[PDB]
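Below: one structure, written as structure tokens.
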Amino acid sequence: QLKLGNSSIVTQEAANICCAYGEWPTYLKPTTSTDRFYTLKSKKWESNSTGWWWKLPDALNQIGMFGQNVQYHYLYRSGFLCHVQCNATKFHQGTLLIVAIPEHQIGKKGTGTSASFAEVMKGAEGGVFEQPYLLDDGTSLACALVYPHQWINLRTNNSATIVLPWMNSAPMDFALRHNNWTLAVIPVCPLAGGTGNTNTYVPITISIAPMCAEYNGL
Amino acid sequence: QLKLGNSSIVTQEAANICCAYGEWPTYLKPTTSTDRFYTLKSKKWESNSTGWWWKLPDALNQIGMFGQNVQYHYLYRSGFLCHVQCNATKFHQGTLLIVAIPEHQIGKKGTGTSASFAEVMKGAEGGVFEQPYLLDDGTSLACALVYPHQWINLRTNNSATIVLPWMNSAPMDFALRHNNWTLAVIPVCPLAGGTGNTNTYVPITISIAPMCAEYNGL
Amino acid sequence: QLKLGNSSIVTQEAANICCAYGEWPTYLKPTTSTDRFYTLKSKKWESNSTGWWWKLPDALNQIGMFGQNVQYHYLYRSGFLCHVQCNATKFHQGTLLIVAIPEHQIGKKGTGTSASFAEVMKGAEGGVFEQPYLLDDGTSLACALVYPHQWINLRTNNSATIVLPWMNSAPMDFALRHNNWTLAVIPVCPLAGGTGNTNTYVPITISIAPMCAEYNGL
Amino acid sequence: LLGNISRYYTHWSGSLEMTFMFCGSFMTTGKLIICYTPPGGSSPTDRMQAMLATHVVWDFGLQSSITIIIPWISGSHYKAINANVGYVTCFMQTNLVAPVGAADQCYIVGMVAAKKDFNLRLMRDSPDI
Amino acid sequence: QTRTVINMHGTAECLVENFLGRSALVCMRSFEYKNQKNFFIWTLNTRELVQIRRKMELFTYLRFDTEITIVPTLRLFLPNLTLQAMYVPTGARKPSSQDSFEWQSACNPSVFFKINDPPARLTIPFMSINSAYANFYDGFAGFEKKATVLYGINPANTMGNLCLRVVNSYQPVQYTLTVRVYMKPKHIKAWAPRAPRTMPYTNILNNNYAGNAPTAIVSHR
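These protein sequence lines are chains A, B, C, D and E, in that order.
Residues 84 to 111, 121 to 123, 127 to 313 (full-length UniProt numbering) make up the first sequence, in order.
Residues 84 to 111, 121 to 123, 127 to 313 (full-length UniProt numbering) make up the second sequence, in order.
Residues 84 to 111, 121 to 123, 127 to 313 (full-length UniProt numbering) make up the third sequence, in order.
Residues 417 to 494, 502 to 552 (full-length UniProt numbering) make up the fourth sequence, in order.
Residues 610 to 644, 653 to 694, 704 to 837, 843 to 852 (full-length UniProt numbering) make up the fifth sequence, in order.
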């Protein structure tokens, strides 16, 4: 039962919580009770789904005291603890690949113009892959394992944990229009809980905790 | 994950691997990379099945380097590690009795003439009990527990292990036409995985490893 | 009476068995009873003969356990002990030059196209010099003494021994289509056992022993 | 990553590790035979060929994902005749046991990596783009 | 069909420094001269050539010092013309024309060479405001919620511009001068390697893929 600040979340950790590139997040004039777990809206993992993605600073611009500080303060610097729970019975099957892409430049298909502020900055709602196979990046899903990756296998491994440090080429950056990380949950193998489709949902639960958070300018 | 020589097999051992009559097999002019696991063809355990039997020296006369040496070399002397895996879900039920009969003289029913070379020497394919209740031996299946025996109970015990030493009244014998051991898998209680017979197979996997193998005459 | 592994051969050694360039053959994941003498078919040394040549890896591709390993294993590395016996009475006369040519690129006379797989890869049968004087190499038989050489003089020296190490610019190479060595027996002076040609044969006996043999890939 | 990085290098040699991950239900059970054929040898076509070569019996019931370590291999493009190296094959050891609940269909996903013994030597342009 | 027995080597060749860090022909602009314009302007970016663009896009962040080598070339329809290569850093007005006041500056570094002389070199140090170049940027240059501000362009990532002027532009002969630019990174430090790209390119300002098909990379068996 994990708990940061006031909020708590019940976990099912059974293996070492791997830190992204083995660096535990830390903060180093700038600087405090907003370091708490935010559980995003549950997402339906249908058999015909493609894949979801949340931009963490974008995802937390409007959520509680963290959102209030980001709207008030001109800068930020924050690590992210991402907990993903695919909730299903022993009967269900499939594989979720959780990839924390650094600087995931969204790429439209068969257009000249780039993605606008609307298509990129979903916020708390999160986005959906048009082409999961190409990560909407020109890359391959086969090559997506270079990034901090984990597997939710509906057999054995029913939850994933990612610990993202401050990945940016500046000590601090802006949350309003920059996205250091992109947490992408992609179904590698389609959900096949063949119970006559009594409940095809098998919803995914995302929980983001901004750790070692500091800001500049009150 | 057991492995002898080059080949490996994934096991589900959860209890002491009982040696037949408590003797670990050993070799004692005569004498070497053929000590590897040979996984025989999977056998369908239907609800109406009777029971299967493999004669180990007969079963391995045509399999790989062991078969090549047996065909070349006039003698042999080899212990046998027999691993039996009945693969089924938690829903299935039944009991497999694994008996390693020493010198299992096959006995036809209601005939004067004895069994010919065809009926006895099945080889890799293996044989089928005409009367499982009488072991095709004039004995009783009730009395079959004097031989090295184990139970695959589809609850708890889903795999069996037997370790047969050199059981013969000579230091060495001939593989081409003598059968020291007979590994018999007999379903005591019929398979009753009553899932509407979606998959009535529940196939059995045999894996024989000739341990402490030596031969005489190149 | 020399003997490697199981096979033995009776020798008539009377002088130091010279190693090719003074290096005793040795082997240095890759690595065994195939290190035995193979006695090739006897060759008639008629008065009008030209000269014979065996490509050692080619000569042993089809001979016994060595041939079996070469056909199975993708690589090899082996030294060669070559014993040549010219069997004749005290009455006969002549000189055999035994030259172990490294990388003896066969050269056709008065043609544009190079020698095909048939003309080069004789195998156990061995080849015959079209022009012994030029070694089928563009070189001279006069210059053939730079290679590891020995003399069977029908007076005094009635047998020759060569000990070829691993001569290749790689630690290991392929036997199927590469010939490190070429053992060539060339009659410098014609056989003149003038006994009224009662028996003009005086047959040559070749015996090759692959020493320090290792392979890669079962 | 192995292929994309190595296509920038003409000369390469080293060992690999291949991880096969099963994507079926928890209740579903079965056996596969995964055999490695060294270079030169023809790719296996029947279980008897697979059961003789360097193989592993991968079981879903016990082990979720299996790892096979391929010993060091080599190849070069360098007239053009290309190159050939050993194969890796998988044969259905048994049926696929699934209860009334779990789907009949299942998926297997492949993974490859190079061990610390891998080496890339001669740098050339990749013809991908 | 192959003969390969490759012995074990060192890791010298497979260094990131030796991979990214060597000269590559990025710009091949030509200019006619006949009986005011046709000056050389070039934005410093690794995205112009597809091969080096993919090789650089293998990594997220990377620092280097840039050796820019300019090779002149004269193509008459050879006189030793004077060439001036001026490296204007970001935030300085670009030369409006050949006869522009920006050339006669006391702040913009430049080199004077001629055709018969060896090709010119400059080493521009790690120039960006940001502590490392970002090949990809999941943000916006400005704060305006308008199409005017382009997506995925860090304005700190600009390395400045290089402007080459042929001082002897007015000459008795009609010809063409072709400028070759070679870019060589030095002391390269790389962080957060990216997934190698597969599909072709459209433009330097954007990562759109058009399509070896977009539904299948490898030619199907």
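Beta carbons: idealized from backbone N, C-alpha and C, even for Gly.
Proximal chain D residues relative to residue i, where beta-carbon distance stays under 7 Å
i, result
"residue 284 of chain A", "439, 530, 532"
"residue 637 of chain E", "Ordered by position in chain D, no residue passes the 7 Å Cβ test against residue 637 of chain E, which lies about 17 Å from the chain."
Interface partners of residue i on chain E, CB under 8 Å
i, result
"residue 267 of chain C", "614"
Proximity test, Cβ basis, 7 Å: residue i and chain E
i, result
"residue 489 of chain D", "no"
"residue 504 of chain D", "yes"
"residue 552 of chain D", "yes"
"residue 427 of chain D", "yes"
"residue 157 of chain A", "no"
Per-residue contacts from residue i into chain E (C-beta, under 7 Å)
i, result
"residue 215 of chain A", "777"
"residue 543 of chain D", "622, 623"
Cutoff 7 Å: residue i Cβ touching any chain A Cβ
i, result
"residue 823 of chain E", "yes"
"residue 682 of chain E", "no"
"residue 716 of chain E", "no"
"residue 477 of chain D", "no"
Which listed residue (the options) has its alpha carbon closest to that of residue i
i, options, result
"residue 179 of chain B", "B/187, B/173, B/191, B/186", "B/191"
"residue 193 of chain C", "C/91, C/149, C/312", "C/149"
"residue 275 of chain A", "A/141, A/298, A/305", "A/305"
"residue 659 of chain E", "E/721, E/673, E/693", "E/721"
"residue 160 of chain A", "A/143, A/181, A/127, A/211", "A/127"
"residue 678 of chain E", "A/297, A/197, A/210", "A/197"
"residue 109 of chain A", "A/282, A/267, A/300, A/313", "A/267"
"residue 311 of chain B", "B/111, B/99, B/103", "B/111"
"residue 168 of chain A", "A/123, A/188, A/208", "A/123"
"residue 454 of chain D", "D/547, D/429, D/508", "D/508"
"residue 483 of chain D", "D/534, D/528, D/539", "D/534"
"residue 205 of chain A", "E/837, E/775, E/852", "E/837"
Pair within 7 Å by beta-carbon distance, residue i and residue j
i, j, result
"residue 806 of chain E", "residue 688 of chain E", "yes"
"residue 285 of chain A", "residue 142 of chain A", "yes"
"residue 804 of chain E", "residue 663 of chain E", "no"
"residue 177 of chain C", "residue 257 of chain C", "yes"
"residue 517 of chain D", "residue 137 of chain B", "yes"
"residue 670 of chain E", "residue 657 of chain E", "no"
"residue 431 of chain D", "residue 510 of chain D", "no"
"residue 280 of chain C", "residue 147 of chain C", "yes"
"residue 213 of chain B", "residue 201 of chain B", "no"
"residue 254 of chain A", "residue 134 of chain A", "no"
"residue 615 of chain E", "residue 493 of chain D", "no"
"residue 835 of chain E", "residue 686 of chain E", "no"
"residue 753 of chain E", "residue 785 of chain E", "yes"
"residue 723 of chain E", "residue 800 of chain E", "no"
"residue 208 of chain A", "residue 821 of chain E", "no"
Proximity test, Cβ basis, 7 Å: residue i and chain D
i, result
"residue 667 of chain E", "yes"
"residue 203 of chain C", "no"
"residue 828 of chain E", "no"
"residue 300 of chain B", "yes"
"residue 618 of chain E", "yes"
"residue 207 of chain C", "no"
"residue 90 of chain B", "yes"
"residue 304 of chain A", "no"
Min CB distance residue i to chain B below 7 Å
i, result
"residue 434 of chain D", "no"
"residue 520 of chain D", "yes"
"residue 548 of chain D", "no"
Residue i: contacting residues in chain D (beta-carbon distance under 8 Å)
i, result
"residue 820 of chain E", "The premise fails here: residue 820 of chain E is roughly 11 Å from chain D at the closest Cβ pair, so nothing lies under 8 Å."
"residue 172 of chain A", "Chain D residues near residue 172 of chain A: none, gap ~31 Å exceeds 8 Å."
Within chain D, the residues that residue i reaches when beta carbons sit closer than 9 Å
i, result
"residue 167 of chain B", "Near residue 167 of chain B there are no residues of chain D at all, since even the closest Cβ is about 16 Å away, more than 9 Å."
Residues that residue i contacts on chain E, provided the C-beta gap is smaller than 9 Å
i, result
"residue 459 of chain D", "The premise fails here: residue 459 of chain D is roughly 13 Å from chain E at the closest Cβ pair, so nothing lies under 9 Å."
Interface partners of residue i on chain A, CB under 9 Å
i, result
"residue 442 of chain D", "184, 185, 186, 187, 188, 249, 250, 251"
*Contact the segment 284-300 of chain B vs the segment 221-232 of chain C: 3+ CB pairs below 8 Å*: no
_Does the segment 168-177 of chain B come into contact with the segment 259-274 of chain B, if we say contact requires no fewer than three beta-carbon pairs (one atom in each stretch) closer than 8 Å?_
yes
*Check whether the segment 423-440 of chain D touches the segment 468-485 of chain D, counting contact only when three or more Cβ pairs, one atom from each stretch, lie closer than 8 Å.*
yes
*Is there contact here, the segment 754-766 of chain E with the segment 618-637 of chain E, by at least three beta-carbon pairs under 8 Å?*
no
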